[PDB]
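Report on one structure; see the data block that follows.
Every number for a ligand or one of its atoms is a count from 1 in the order of the listing. Order of the sequence lines sets the chain letters (A, B, ...), proteins ahead of strands, with each chain counted from 1. Below, each value reflects all heavy atoms present in this structure, side chains not excepted, and no hydrogens, waters or symmetry copies.
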Amino acid sequence: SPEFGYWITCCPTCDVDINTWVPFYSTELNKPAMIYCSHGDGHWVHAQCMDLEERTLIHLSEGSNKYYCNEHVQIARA
Amino acid sequence: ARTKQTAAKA
Ligand SMILES: [Zn+2]
Ligand SMILES: [Zn+2]
């Protein structure tokens, strides 16, 4: 179910579907890795849908920076 | 940044 937050359509180009997904990152088991976007009220995106390389995803995860996804990072922030 | 499924676990 999408209610657990993984098997969702995360963005207009999202390719992830529970019937066809396969592991891609070294840290994945049976669920896609995701990252939190701070735009608006916030939302989660699949890392692979953002075209994040593993090293980049891990660097983001180990740091304290907020993240803005590819759809929202270019929107001016008041 | 907050992430999910980014660490090895046991
Ligand atoms: Zn996606
Ligand atoms: Zn976003």
Side-chain angles (χ1 to χ4, degrees), chain A residues 2 4-78, chain B:
Chain A
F4 296 98
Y6 287 96
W7 311 109
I8 60 171
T9 301
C10 80
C11 70
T13 55
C14 176
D15 222 4
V16 174
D17 179 330
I18 195 168
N19 295 297
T20 54
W21 177 86
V22 295
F24 177 77
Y25 297 107
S26 68
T27 54
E28 285 167 330
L29 290 169
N30 60 2
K31 291 165 162 73
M34 303 186 79
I35 185 165
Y36 184 68
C37 173
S38 292
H39 175 78
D41 291 321
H43 69 122
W44 293 82
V45 292
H46 303 114
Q48 193 162 11
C49 295
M50 300 302 104
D51 301 320
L52 293 172
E53 304 298 296
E54 177 157 319
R55 66 170 77 70
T56 299
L57 172 61
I58 293 314
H59 188 72
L60 281 160
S61 79
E62 283 180 348
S64 55
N65 285 179
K66 295 176 172 149
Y67 175 75
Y68 295 87
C69 79
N70 301 157
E71 275 182 274
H72 295 134
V73 66
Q74 293 193 294
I75 301 180
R77 298 195 294 275
Chain B
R2 298 299 175 186
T3 65
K4 297 175 182 188
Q5 307 299 308
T6 51
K9 291 188 281 246

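A distance of 10.0 Å separates SG of A:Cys69 from CD1 of A:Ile35, quoted to the nearest 0.5 Å.
Remark: side-chain polar atoms of A:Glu54 are paired, donor with acceptor, to backbone N or O of A:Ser26 under 3.5 angstrom. Side-chain N or O atoms of B:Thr6 include none that pairs as donor or acceptor with a backbone N or O of A:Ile58 at under 3.5 Å.
Protein N/O/S atoms closer to the Zn ion (ligand 2) than 2.8 Å number 4 in this structure.
Annotation: cation-pi pair A:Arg77/A:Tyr68 present, NZ/CZ under 6.0 Å from the ring centroid and within 45° of its normal.
Considering just the N/O/S atoms of A:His46, the one nearest the Zn ion (ligand 1) carries the name ND1.
B:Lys4 is not listed as a side-chain neighbour of A:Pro32, based on a closest heavy-atom distance of 4.5 Å or more.
Aromatic ring pairs are classed by plane angle as parallel below 30°, tilted from 30° to 60° and perpendicular above 60°; the pair A:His72 and A:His39 is parallel.
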